[PDB]
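Take a look at this single chain in structure tokens; it is the form deposited in one PDB entry.
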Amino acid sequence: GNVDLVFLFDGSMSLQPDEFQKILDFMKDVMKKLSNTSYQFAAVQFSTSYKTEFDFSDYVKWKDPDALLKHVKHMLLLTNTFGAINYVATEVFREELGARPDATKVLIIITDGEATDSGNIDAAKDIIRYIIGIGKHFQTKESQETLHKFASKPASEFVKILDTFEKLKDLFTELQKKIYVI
């Protein structure tokens, strides 16, 4: 039925300007494609700290991804993935910020680095979690494995390793082939 979806995007220092924008363009592509549906969106940038760039209430008032993401500034710091998953779950998935109690919860994590913090993601056990690991930092099997503990299972379904930020376009192509009425 209803799907409240949060994009949790990396704003670490490793990300070049163009790579950071390709993340934004990807999220905007998706949101545009799925306007006027049972989907509701929010977005949070995570580096060292966390910022709700816009929440569910904001999406419903605007329904305009371009406008909604126009204040994003690249944090340019670390990659605190654990703290960021917990921040989404405790501070973003809230009825007080437009979330629908009924809805299927989905989290899309987009990163170019291994996490710099630690802990657990117990607060997010009730959320379907996908993670996109992009670039050279994820060349090895071991690097790719570290990303599993953040995502739902199996990794074959919920973990996607992309070789470049151009490949975000290919992923948008792939997903659209999975868009169906019903």
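Throughout, we count residues from 1 along the sequence that is shown.
In what follows, reference is made to the form deposited with a partner chain bound, a form of this protein that is not presented.
- Mapping the unseen interface onto this chain, residue 110 falls outside it, with no heavy atom inside 4.5 Å of the partner chain in the deposited bound form.
- In the deposited bound form, the partner chain sits within 4.5 Å of a heavy atom belonging to residue 142.
- In the deposited bound form, the partner chain sits beyond 4.5 Å of every heavy atom of residue 161.
- Interface residue remark: residue 137 is counted as part of the site for the partner chain in the deposited bound form, having a heavy atom within 4.5 Å.
- Just one of 131, 44, 115, 121 comes within 4.5 Å of the partner chain in the deposited bound form, counting any heavy atom, and that one is 115.
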